[PDB]
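J.: Structure below; questions to follow.
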Amino acid sequence: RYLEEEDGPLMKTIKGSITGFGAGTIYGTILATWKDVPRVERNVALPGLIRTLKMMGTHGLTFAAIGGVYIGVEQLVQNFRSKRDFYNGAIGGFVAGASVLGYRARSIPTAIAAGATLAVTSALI
Amino acid sequence: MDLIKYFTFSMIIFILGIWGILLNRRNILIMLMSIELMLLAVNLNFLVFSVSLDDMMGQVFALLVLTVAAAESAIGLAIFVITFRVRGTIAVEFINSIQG
Amino acid sequence: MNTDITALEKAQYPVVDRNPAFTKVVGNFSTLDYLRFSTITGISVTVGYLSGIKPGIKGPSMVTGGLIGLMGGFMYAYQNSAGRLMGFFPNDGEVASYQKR
Amino acid sequence: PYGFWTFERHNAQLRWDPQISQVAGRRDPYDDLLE
Amino acid sequence: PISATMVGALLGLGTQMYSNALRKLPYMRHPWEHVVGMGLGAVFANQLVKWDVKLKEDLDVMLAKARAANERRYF
Amino acid sequence: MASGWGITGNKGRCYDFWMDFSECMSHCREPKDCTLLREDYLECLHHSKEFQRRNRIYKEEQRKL
Amino acid sequence: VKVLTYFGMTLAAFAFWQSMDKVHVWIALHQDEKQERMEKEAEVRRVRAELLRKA
Amino acid sequence: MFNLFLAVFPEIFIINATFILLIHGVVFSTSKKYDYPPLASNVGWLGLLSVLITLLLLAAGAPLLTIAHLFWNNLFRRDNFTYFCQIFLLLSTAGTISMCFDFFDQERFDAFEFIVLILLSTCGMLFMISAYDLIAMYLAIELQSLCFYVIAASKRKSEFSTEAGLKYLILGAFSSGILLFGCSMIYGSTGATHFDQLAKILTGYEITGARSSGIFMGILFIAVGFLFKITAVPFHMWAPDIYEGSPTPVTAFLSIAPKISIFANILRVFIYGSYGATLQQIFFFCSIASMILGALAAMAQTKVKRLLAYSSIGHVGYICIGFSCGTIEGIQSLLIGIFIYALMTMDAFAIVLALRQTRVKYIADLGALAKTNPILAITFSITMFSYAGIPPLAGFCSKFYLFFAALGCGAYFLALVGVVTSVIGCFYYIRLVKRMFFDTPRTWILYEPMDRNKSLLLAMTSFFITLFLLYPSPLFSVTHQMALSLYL
Amino acid sequence: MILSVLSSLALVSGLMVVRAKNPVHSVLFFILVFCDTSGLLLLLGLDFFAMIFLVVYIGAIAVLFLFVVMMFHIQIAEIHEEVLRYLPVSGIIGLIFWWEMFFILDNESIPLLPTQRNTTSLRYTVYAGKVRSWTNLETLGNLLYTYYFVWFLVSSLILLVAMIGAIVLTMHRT
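Chains as they are written, first to last, in full-length UniProt numbering: chain P, 7 to 131; chain C, 1 to 100; chain X, 1 to 101; chain B, 50 to 84; chain G, 2 to 76; chain V, 1 to 65; chain U, 2 to 56; chain E, 12 to 499; chain Z, 1 to 174.
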């Protein structure tokens, strides 16, 4: 069922960071487009584009950090311990969630909640 | 390469309708016109395919879709008129009361 | 215009006439058919009268309701008569009159 | 089921199209030359 | 015993009383309507029983055909 | 081209292929039994394999030049 | 817009459509590699499912 | 020749009766002699009679609706599935009309054209059910949609009604264009629009490596249009705004009949055509999104109409779980869920229209209703517990299936979503029971008693809701019949 | 080449429909897009549809749009917005739709590449079809009112709904 791949832990981490950046760029574009423009900005176009691109870059960065650290810690767990399970990975989701989303939200309870949610989500898979 | 060129003509009109929706969040009249551009592109698709397949069903449906497009435009502009008459303006900030 | 009366589900009763003419189906109207016709028409006239009192048009409303009922009752009676002649409905009397004439 | 297409409800065109096979607008062009 | 006619008559009488109560009217306002409702409920219950019997027959015929079509696979 | 009505008032170019495929599918309880007729009909519709082969010829001509 | 602006946008669109013609010819020229790659991926799946059922 | 039209007798009758009513209304509403009488209730009663006569013609002519099936084949297809679907649609329309006379008389909504447009849309949905070709399907869908656009804007001086109509026209025309683009792709790729031809072309192959992308995207776009029609997330946001902004009888009508007709279309198009897995995954993912989003958004609502709109979105999610599994029991359960949701919604909107005489708007307006009208508070509590799926009420039946398919098609994430969203739904439904029974407000709203039509309809639907699980055999048998008749 | 000219004209005219500041100009550019479509239909040999697109889209529908828009006297402030910020989202959406749909036929309808050989000599002519040829008009009229008359009538019902709804929504009798 899974016998179509070539793997490579470093390649896995790089590709995951790249995919995370792409998804974060798409998400940032969507969020920037949903929002209205500040009233002081309705009559001038360029600052709106700058804010859209800034949102794109910031979301690409945070999503790339999550999508990289998740699999990086997943392999660095399954490499040293060298056991394949859903446990290996629950730790990666937790550390990605905690670190990145707590650096972003600046809150420790938010870090714990985000890591827990990512842990359950990666556990189901 | 004839079929691909006619097809891309119609496809560009369809994409222009989509972009016109995307680009006119303050202009609801242009949104209605973008929808009419999409409908025109679909009609073209049916006619081109009818020719390409030597089949008449694409032409029958093109005529009927014409009737539908006319009816849609008449009703759409009637609703636009009563919306404007009630509010005095067409600005999108006056048609956002229903929410949640 | 090419036509084909053939139904998806075959008639379960003796087929007296596959495609009976309009006047033949009308002439096949039975006592029960006229009872259905009259009941539908009378109910429709009554509804027209009763719903017309408040706007003040009970007479014209009566005529309108009666027209709707006349069309619906005639269509229902025709439906039953033609179904009997075609074998789709139980058609004892149709077969008894057919086996004799 | 096994071959729904096989059922007679699903073969309406195969029995109706022969009945209109001589109608102007869908004839083989040689049919007019021989008939 | 508990026939369809009695269940339907009780249901129709209950329907007329429920209607009167939802309109804040006395339960027995217009008793002739209670009689009419009893009759209509009886008729409806008996007809539902007959319709259910007919439905079962039609389903059996349909299920027979489906099983025949399925058994055709192993021919 | 499954309806039969051609755009110039005659039988459609691909109607006979459609009818062959349909008549095959009306009694063959397996769709794979009528695969050849199906791809005949679709080939009539789009001329995919014909044009692919002619493009092969053109490509070989360009290669030998 | 100015009339010259409409003319210039038309010229640019004409160039875009000729570029699309080149793209279509490129896609038409690579049908054979698509077919040969598809030969492999479908046959790999066959050799695969056949081997996975040997046990 | 005349006997061929026996297959279209119900439609012929309803269309001609609609014309008669249009003429009668316009002639006597303009009459100075009768002082321009309001004719909305008169034409309403005559149209209800017309619908009941149409129902008589259709139900008593079951074998005759299949006469001349080869002559009529390129136009429509009438069978047992269509027979029962059309009977149910006519019943829904009759109930909805009977629920409108108090609104006509007390708000003085005098426009009889309201009834005419409802009847014309009923014709359109009748043609939708028997549609057997993409062209006919689209035409019938457009007729129904245009009637709804016009009736959504019927209160033409109200800001809310004009706003509802405008959003409906734009989002509805957009979705219709998307669906029409899908039909064009399918036609171009297969050269066929008839459902039988599409069946023959597409069966046996699905995604056989060399998949026609034209067919696949025609299917995707048609599926997007259908999902807009059934208010599945993420194509749903038109529904709560239009449901609120439209006149309440319009909201009641839009809640039931279009769903019956569009689900008939979805069955006969998808279950019958053959692209397979992707089509069902579409509906699987949209069902999950609908359940979650409907539950949360309903939990956030403070107005009765919005709560009902979001509840309907959640329930279409539950129903579409049945279409996702793609089995006989899936179709049967979809049909059972549609029937029970329709009866429950008719109950709920009968109550809402009854309370609209004292202008109910907020959930808090129902405070102390168990004192001012105890039997109405019980009837409404029964409806809310039925909506929440508490056994042995009829609402349990649909909930039971959700978990039956989740453990049948082997899907435990679906089961978990169902458990959580069922709990959330139970909470926001029992919040209304708390408001009517447990609260002691300082200011009470006294409500006018309802008219006879709504009391009778409410009594019947409430007896059904409490007592269906005692005698559920006819619905089970008839839905099994319909599920089988989709293929044979 | 000719198809490239028509495609370019339609592309610019459509951009001007969706990007003009003034809605009156937008309706006028829409008339140009319909004229170009008529030209394409003439190329396909469908002269009836080419004329009907002129009669219905331009002669009747655009006129209604023009009457309504002109009498509305929309002010540019009520509908103005800067569109530079939408270049990324337009880019992603349009690029996905481009890469996926401008090339949907390519796998199914493979183009025939033009070679440096006269392939016109292999056109086979069948004269039997040319004895009494049918116009687009009579070919369509052979089907509309007989084999597919029900859809014709449903379209009439659609038009009736439009007339009723127009009267009911907007009429204020003097």
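C-beta: ideal position from N, C-alpha, C; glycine also.
Would you call residue 71(G) buried or exposed, if buried means 16 or more other Cβ atoms sit within 10 Å of its Cβ?
T.: The residue is exposed, with fewer than 16 neighbouring Cβ atoms inside 10 Å.
J.: Give, in chain order, every residue of the region 56-71 of chain C whose Cβ lies closer than 8 Å to some Cβ of chain Z.
T.: The residues in question are 56, 59, 60, 62, 63, 64, 66, 67, 68, 69, 70, 71.
J.: How far does the alpha helix (DSSP H) with residue 48(U) in it extend, from its first residue to its last?
T.: Taken as a continuous stretch (DSSP letters only), the alpha helix (DSSP H) holding residue 48(U) covers 32-55.
J.: For residue 36(X), count the other beta carbons within 10 Å of its own beta carbon; 16 or more makes it buried, fewer makes it exposed. Which is it?
T.: Buried: at least 16 other Cβ atoms inside 10 Å.
J.: Just reading off the alpha helix (DSSP H) that residue 126(E) is part of, what are its end residues?
T.: Looking at the DSSP string, the run of the alpha helix (DSSP H) that includes residue 126(E) is 124-140.
J.: I'd like to confirm the pairing. Which residues does DSSP put opposite residue 5(V) in its beta bridges?
T.: According to DSSP, which records beta bridges pairwise, residue 5(V) is partnered with 11(V).
J.: In the region 417-465 of chain E, which residue ranges form an unbroken alpha helix (DSSP H) of at least 4 residues, counting only runs that do not cross its ends?
T.: If we require 4 residues or more, the alpha helix (DSSP H) runs fully inside the region 417-465 of chain E come out as 423-448.
J.: When the Cα atoms are used, what is the spatial distance from residue 366(E) to residue 354(E)?
T.: Their Cα atoms are separated by approximately 19 Å.
J.: Under 7 Å, CB to CB, which of the residues in the region 19-40 of chain E have a partner in chain X?
T.: Within the region 19-40 of chain E, the residues whose Cβ lies closer than 7 Å to some Cβ of chain X are 20, 24, 27, 28, 31, 35, 39, listed in chain order.
J.: Between which two residues does the alpha helix (DSSP H) harbouring residue 208(E) extend?
T.: Where residue 208(E) is concerned, the enclosing alpha helix (DSSP H) stretches over 206-213.
J.: Find the nearest neighbour of residue 267(E) within the set 145(E), 427(E), 148(E), 323(E), judged by alpha-carbon distance.
T.: Cα-wise, what sits closest to residue 267(E) is 323(E).
J.: If you reduce the DSSP assignment to three classes, tell me which class residue 5(C) lands in.
T.: Three-state result, residue 5(C): helix.
J.: Note down, in chain order, each residue of its chain lying with its Cβ closer than 8 Å to the Cβ of residue 24(C), except the 5 sequence neighbours on either side.
T.: If we look at residue 24(C) and ignore the five residues flanking it on each side, its Cβ neighbours are 30, 31, 34.
J.: Check this for me: beta carbons of residue 25(X) and residue 78(X), under 7 Å apart or not?
T.: It is a contact, given that the beta carbons lie within the stated cut-off.
J.: If we define contact as Cβ-Cβ less than 7 Å, is residue 207(E) a contact residue for chain B?
T.: Taking Cβ atoms only, chain B reaches closer than 7 Å to residue 207(E), which makes this a yes.
J.: Can you name the residues of chain U whose CB is closer than 9 Å to the CB of residue 56(V)?
T.: 32, 33, listed in chain order.
J.: Here's the rule I'm using: 16 or more other beta-carbon atoms within 10 Å means buried, otherwise exposed. How should residue 91(P) be labelled?
T.: Looking at its Cβ environment, which holds fewer than 16 other Cβ atoms inside 10 Å, residue 91(P) is exposed.
J.: Mapping DSSP to helix, strand and coil, what is residue 270(E)?
T.: In the structure shown, residue 270(E) sits in a helix (DSSP, three-state: H, G or I).
J.: Counting C-beta neighbours from all protein chains within 10 Å, is the total for residue 98(U) 16 or more, i.e. buried, or is it exposed?
T.: Residue 98(U) lies beyond the range of chain U shown here (2 to 56); nothing can be said about it.
J.: Kindly indicate which residue of 20(P), 95(P), 30(P), 106(P) has the alpha-carbon position closest to the one of residue 66(P).
T.: It is 30(P) whose Cα lies nearest to the Cα of residue 66(P).
J.: Spatial neighbours of residue 87(X) within its chain, please: C-beta separation below 8 Å, excluding the five flanking residues on both sides.
T.: The answer, listed in chain order, is 11, 12, 13, 14, 15, 16.
J.: Residues in the same chain with beta-carbon distance under 8 Å from residue 472(E), minus the five sequence neighbours each way, listed in chain order, please.
T.: Contacts found: 354, 355, 357, 358, 361.
J.: Please name the residue, chosen from 428(E), 215(E), 94(E), 77(E), that lies closest to residue 6(X) on a Cα-to-Cα basis.
T.: Residue 6(X) has its Cα closest to that of 77(E), out of 428(E), 215(E), 94(E), 77(E).
J.: Buried or exposed: residue 84(E), going by 16 or more other Cβ atoms within 10 Å of its Cβ?
T.: Residue 84(E) comes out buried.
J.: Please give me, in chain order, every unbroken run of the alpha helix (DSSP H) with length at least 4 that falls completely inside the region 65-93 of chain C.
T.: Entirely contained in the region 65-93 of chain C, not one alpha helix (DSSP H) run reaches 4 residues.
J.: For my contact list, residue 40(X) and residue 76(X) are in at a C-beta cut-off of 8 Å; report their separation, rounded to the angstrom.
T.: Confirmed, Cβ separation roughly 6 Å.
J.: Shorter than 7 Å from the beta carbon of residue 88(E) to some beta carbon of chain Z?
T.: Chain Z contact via Cβ: absent.
J.: How far does the alpha helix (DSSP H) with residue 29(Z) in it extend, from its first residue to its last?
T.: Note, residue 29(Z): alpha helix (DSSP H), 23-43.
J.: With DSSP as the reference, identify every bridge partner of residue 144(E), one or two as the case may be.
T.: The partner list for residue 144(E) (beta bridge, DSSP) reads 205(E).
J.: Would a C-beta distance cut-off of 7 Å place residue 72(P) and residue 26(P) closer than the cut-off?
T.: A contact, by the Cβ cut-off of 7 Å.
J.: Taking Cβ-Cβ distances shorter than 9 Å, what residues in chain Z pair up with residue 120(P)?
T.: Result: empty, since nearest Cβ-Cβ is about 27 Å, beyond 9 Å.
J.: What residues are listed by DSSP as bridge partners for residue 373(E)?
T.: DSSP, once it has assigned bridges, lists 314(E) as partnering residue 373(E).
J.: Following the continuous alpha helix (DSSP H) through residue 17(Z), name the residue where it begins and the one where it ends.
T.: Taken as a continuous stretch (DSSP letters only), the alpha helix (DSSP H) holding residue 17(Z) covers 2-19.
J.: Identify whether residue 9(X) lies in helix, strand or coil by the three-state DSSP scheme.
T.: In the structure shown, residue 9(X) sits in coil (DSSP, three-state: anything other than H, G, I, E or B).
J.: Does DSSP classify residue 162(Z) as helix, strand or coil?
T.: If DSSP states are grouped into helix, strand and coil, residue 162(Z) belongs with the helices.
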